[PDB]
Amino acid sequence: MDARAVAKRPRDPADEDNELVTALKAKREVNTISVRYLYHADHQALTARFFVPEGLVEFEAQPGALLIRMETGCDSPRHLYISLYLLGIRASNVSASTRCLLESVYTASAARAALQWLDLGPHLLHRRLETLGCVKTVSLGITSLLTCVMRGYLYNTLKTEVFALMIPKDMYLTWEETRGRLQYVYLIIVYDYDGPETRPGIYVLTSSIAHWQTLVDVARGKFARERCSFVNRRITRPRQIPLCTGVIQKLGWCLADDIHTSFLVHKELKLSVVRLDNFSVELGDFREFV
Amino acid sequence: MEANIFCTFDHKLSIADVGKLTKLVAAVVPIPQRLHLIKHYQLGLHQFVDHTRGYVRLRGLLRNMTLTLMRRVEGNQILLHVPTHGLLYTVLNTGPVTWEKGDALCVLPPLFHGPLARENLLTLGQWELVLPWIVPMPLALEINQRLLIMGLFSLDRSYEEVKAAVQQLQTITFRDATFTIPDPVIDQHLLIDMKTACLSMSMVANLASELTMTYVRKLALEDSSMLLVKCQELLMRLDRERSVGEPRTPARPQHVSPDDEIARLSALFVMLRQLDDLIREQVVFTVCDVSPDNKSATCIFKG
Amino acid sequence: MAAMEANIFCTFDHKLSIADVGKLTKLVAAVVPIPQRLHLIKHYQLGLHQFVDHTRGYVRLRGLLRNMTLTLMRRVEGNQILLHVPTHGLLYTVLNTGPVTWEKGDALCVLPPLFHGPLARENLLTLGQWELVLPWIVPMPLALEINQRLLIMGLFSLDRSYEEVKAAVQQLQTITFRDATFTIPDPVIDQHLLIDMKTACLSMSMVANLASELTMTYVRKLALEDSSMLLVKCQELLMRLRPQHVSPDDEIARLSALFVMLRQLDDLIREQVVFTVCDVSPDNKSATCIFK
Amino acid sequence: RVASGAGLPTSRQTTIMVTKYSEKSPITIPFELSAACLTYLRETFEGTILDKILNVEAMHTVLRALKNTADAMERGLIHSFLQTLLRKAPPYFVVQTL
């Protein structure tokens, strides 16, 4: 081959005409559609359309929320897309005032019954849950078309605006007074153990730690209270087999400096939340720890 | 242009056989080692098929094998392409179980059952193109637990209770289609792979007993997290509240050789390393949207 | 600030000889951990050397590297040093440092260096009472052995008298692998290693409770009727001289928690892969990798 | 065939037809180029006397790889062709018996 084939600078797609234009330029046809600049041709982010019942449109109508699929023992619907905020009423982490606050908004023909699917089972919630990503461009309707972000930065179409993730203040915690310039986000479910039933809490933990070994070690200190309940239930209840004090999982990373407290106001109701700004998405598997 | 992996055959190909490859335009294909050219013998999982070796040997080799999706079937060539991490990649639903949106799919070696059903698509002269199953992650955790319990019962068999309990583990039941998992045991005697694996759990289940006793009593003196005192009584191993037999403390090792005690710890973790391949299931794809009739679905690559 | 840079420039402040600068050309594509990530870094921050302590504890040095960001070496000039952060998933090429067989297809994990059998060790570089130190990249089976034996050193020290412990350490410092001896730089029992036991000590007892009544007896079931090399050999290692509960619905879930402890107990010696070899060079002066 | 006398079996016509097939054996040549040699062959810096020299070696190095790749293509064509003949060649004592 010629040396020009290797000495050449890499081809610029912007220097090339759009592929739809090439078919038109060869025949000089003029369709009513303007293909001279395709929209959404440049997106590192990945997305998927999610048709959702209208009873879960609340709060998510503002972009930036953690969708999580919830498989249910019923064979239809097979996979309801619970909002992370809707799961907070189940959480013991939420303050009793905050629990009574948002819960009034969630009454619906469907969402109010969605909580019943959690209570019925015996197995732990993380076996049902599966993280999906983050909201962008809600369709708003009787069957709203949520657009999840599997990976990459959230942003408005045509890069007009960078959407921010909304993490509720009650679930948030810090591992250090002096954050590093980078800190990965980790959604975490914690299973405290009690007689009749477990009453799990929810946590989101930005941390400069990245390696999994050092990450779980600091959690073994702060959650040692539930850890004491974990071994205590084991000696208490043979045949019963509780497992996992908690479940770390990677969710993304943020620049730390961009973080600042904020609040969402749906249906004229303030709700203070931590607000990651330029938050790239990097989801990972659930990682059980004892 | 795009990077590709050519994989020409050797046996003559009927034109009708090439049309079966047109049904496999985009499906997972294991490869023993990355190369720019691969013989069709190396192609597929069939290169590592074994007789006496059990399912564990396939999974232990397949985890090291590099995945590679099909791109464009052509004449004498095969255009394989290795997925890049962080990008979406459609996969054919070769897996018996129907896919669901958002699941973390992960490769497992095939487990064809008793009676004949779906046939291998390419029986090209003795060699045949088997493919690994694509399964959702929660089921992959489930199938691995089934075979190991069936190996725990590989010894005892004459009793009716074990004879029925294996039949229940043999029959999985899940959403939509149900399936049956073949018994690793054959002709009474166990396959060597399950025997190497079942003993690897049996070592940790028993060697950990006496060895951990001395290490609990000393570290528990600090009463830091306080749980270590409860950990000391965890080792009594019982359900009923036994009364006045008077060994309330767990039994402890005695008269061990000073050097052999070190070797017993070396004999402990080495069993964990042989056992590790069954312990974990790395994700390889994460499906987003699913095509109707579950024929195929887009999946971002992982790993 | 801006996302931590993929490309990092390090400039040496101290004067360096014309001979030493050519060693950096031989040092190209080395794995160079860095502390804080920044577009321009002082050379004193560069390398592993600043974390050394008078205690010279190896167990802490193994931990601190795992929080550090690895950066491959690239393109040395007359002073500029073009460190390049490896973004995940790309197929990087990695020049080797420590003498080891490597061999294609092994997983890799960065570890602090283990001095060779002569005990002689010329420094890779020196610069004004300061020495560059690049942690070794090792095959995964090698990393599992070097990491577990330190845990054996801690548990053994918990009981037996200090005189017998130190004599055992010389038996433990050696680690043959691929016909190549290695030795730990001053292994130490310490609070950094004391926590390695407590996370293990709780991990051990949980397996004894999660174990099935059959699984503890399963090896004894085999010796009663069969015999083999692995069976007879393990029988000396531990045991002293029909199931009662046929509950498949219990065992299917009882092991499910037992697999959790097997994940946690392995993680004390398991570490995240940093690279995955494809084809070691026949010269064995370079290697091909991915992961990140 | 051949004519034969009376009282003997004859030789009815025996048409015979056969079809040959074909084999295949593609080859490939990897070759490496240093990323610096590419970036110097591509971008051109200030016209300093030293950079022009390094740019000249960067240009010749690509020809050293291409011509080596072409000669390797011929060595492999001879190698794959001779490897093809060796599979087709019977051991001599069989050909002598035939």
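Residues numbered from 1 in each chain as written, not as in the entry; some residues may be left out. Chains lettered and ligands numbered in written order. Part of a larger assembly, values for the part shown. Heavy atoms only, no water.

If you check the header, you'll see the entry was determined by cryo-EM and the resolution is listed as 3.9 Å.

In the annotation of the PDB entry, chain D is listed under the name Major capsid protein and assigned to Human cytomegalovirus. Each PDB entry has a title, and for this one the record gives "An atomic structure of the human cytomegalovirus (HCMV) capsid with its securing layer of pp150 tegument protein".

As annotated in the PDB entry, chain B carries the name Triplex capsid protein 2 and comes from Human cytomegalovirus. Of chain B, the UniProt comment under Subunit reads exactly: "Interacts with TRX1 and major capisd protein/MCP." For the record of chain B, the UniProt heading Sequence similarities holds the text "Belongs to the herpesviridae TRX2 protein family." (UniProt positions renumbered as here; feature names shortened; annotations may be inferred.)

*Asks:* How do you make sense of the side chain of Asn55(D) when you look at a structure like this?
*Replies:* Residues and elements named next belong to chain D. Examined against the element boundaries, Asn-55 turns out to sit in helix α2 (residues 49-88). By relative accessible area, which is 16% here, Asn-55 ends up buried. With sequence-adjacent residues up to four places away left out, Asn-55 is seen in contact with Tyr-40, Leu-41 and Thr-44. (Helix = DSSP H or I, 4+ residues; strand = E, 2+ residues; numbered from the N terminus. Buried < 20%, exposed > 50% of the residue type's maximum accessible area, 1.4 Å probe, protein only. Contact = heavy atoms within 4.5 Å.)

*Asks:* Which parts of the structure should I look at to understand the interface of chain C and chain B?
*Replies:* When the parts come together, some accessible area is lost, and that loss is often what is quoted as the size of the interface. The interface is formed by 63 residues belonging to chain C together with 67 residues belonging to chain B. When chain C packs against chain B, the two sides together hide about 6300 Å² of surface, and 70% of this comes from carbon and sulfur. Here chain C and chain B share eleven residue pairs in polar contact between them. Elements supplying a minimum of two residues to the side of chain C that touches chain B: α3 (140-157), α4 (162-173), α5 (191-210), α6 (213-225), α7 (229-237) and α8 (248-267) of chain C. For the side of chain C that touches chain B, the element with the highest residue contribution is α8(C), accounting for twelve residues. Across the side of chain C that touches chain B, the residue classes tally to 39 nonpolar, nine polar and 15 charged. (Buried area = accessible area lost by both parts, 1.4 Å probe. Polar contact = N/O pair within 3.5 Å; in protein donor to acceptor, adjacent residues only side chain to side chain. Nonpolar A, V, L, I, M, F, W, Y, C, P; charged D, E, K, R; others polar.)

*Asks:* How should the packing of aromatic side chains be read in this particular structure?
*Replies:* By convention here, two paired aromatic rings are described through the distance between centres and the angle between planes. All names here are of chain A. According to the stated counting rule, one finds ten aromatic pairs over all chains in the structure shown. Ring geometry for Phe-59 and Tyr-85: centres 6.1 Å apart, planes at 65°, overall edge-to-face. You can see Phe-59 sitting in the loop between β1 (46-53) and β2 (67-71) and its partner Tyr-85 sitting in the loop between β3 (79-83) and α3 (96-103), a full 26 residues away along the chain. You can call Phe-59 buried: its relative accessible area is 4%. Taking relative accessible area as the criterion, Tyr-85 reaches 6% and is therefore assigned buried. Pairing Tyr-203 with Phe-223 gives two aromatic rings, centres 5.3 Å apart and planes at 80°, and the pair type is edge-to-face. In this pair, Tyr-203 is assigned in strand β9 (residues 201-206) and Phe-223 in the loop between α7 (212-222) and α8 (224-236), connecting sequence segments 20 residues apart. Through successive ring pairs, a cluster of aromatic residues spans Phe-59, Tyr-85 and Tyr-106. Across the ring face of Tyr-155, the terminal group of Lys-159 is positioned such that the distance to the ring centre comes to 5.0 Å. The positively charged end of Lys-270 is found above the aromatic ring belonging to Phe-263, 5.9 Å away from the centroid. (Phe/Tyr/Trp six-rings, centres within 6.5 Å; stacked < 30°, edge-to-face > 60°. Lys NZ or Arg CZ within 6 Å of the ring centre and 35° of its normal.)

*Asks:* In this structure, what is going on with the sheet that holds β3(A)? I would like to understand it.
*Replies:* Think of a sheet as strands paired side by side through backbone hydrogen bonds, with each pair either parallel or antiparallel. All names here are of chain A. Judged by pairing direction, the sheet is antiparallel, and its three strands sit side by side in the order β3-β2-β4 without closing on themselves. Single-partner strands in this sheet number two, and they are β3 and β4 (129-131). Direction aside, the axes of adjacent strands within the sheet are offset by 35° on average. (Pairing = 2+ DSSP bridges. Axes fitted to C-alpha atoms, helices over the stretch in contact; angles between N-to-C directions.)

*Asks:* I'm lost on the nonpolar core in this one. Help?
*Replies:* Across soluble globular proteins, nonpolar side chains have a tendency to be buried as a group. Among the nonpolar cores identified, the biggest contains 199 residues, and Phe50(A), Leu129(A), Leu276(A), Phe279(A), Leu108(C), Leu262(C) and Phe275(C) are the most heavily contacted of them. With 14 residues, the top contributor of residues to this core is helix α5 (residues 192-219) of chain B. One finds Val28(B), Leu62(B), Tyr89(B) and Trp99(B) within the second-largest nonpolar core, a separate group that totals 20 residues. (Core = buried A, V, L, I, M, F, W, Y, C linked by side-chain atoms within 4.5 Å.)

*Asks:* Please explain the environment of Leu111(B) as it appears in this structure.
*Replies:* Residue and element names in this part refer to chain B. Take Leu-111: it is sitting in the loop between β6 (105-108) and β7 (133-136). Here the alpha-carbon distance between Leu-111 and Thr-90, two residues 21 residues apart in the chain, equals 23 Å. Not counting residues up to four positions away in its chain, the partners in contact with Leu-111 are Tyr-55, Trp-133, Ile-143, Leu-147, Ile-181 and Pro-182.

*Asks:* Where do I start with the packing of α5(B) against helix α7 (residues 260-279) of chain B in this structure?
*Replies:* Describing two packed helices takes the angle between their axes plus the distance from one axis to the other. All names here are of chain B. Here α5 crosses α7 at 145°, and the two axes come no closer than 9 Å. Read as a crossing pair, α5 and α7 show a hand that is left-handed. The residues of α7 that touch α5, namely those facing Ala-197, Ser-200, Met-201, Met-203, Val-204, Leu-207, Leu-211 and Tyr-215, are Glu-261, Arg-264, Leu-265, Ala-267, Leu-268, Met-271, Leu-272, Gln-274, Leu-275 and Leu-278. The class makeup of the residues in the contact of α5 with α7 is 14 nonpolar, two polar and two charged. (Left-handed = near helix turned anticlockwise from the far one by under 90°.)

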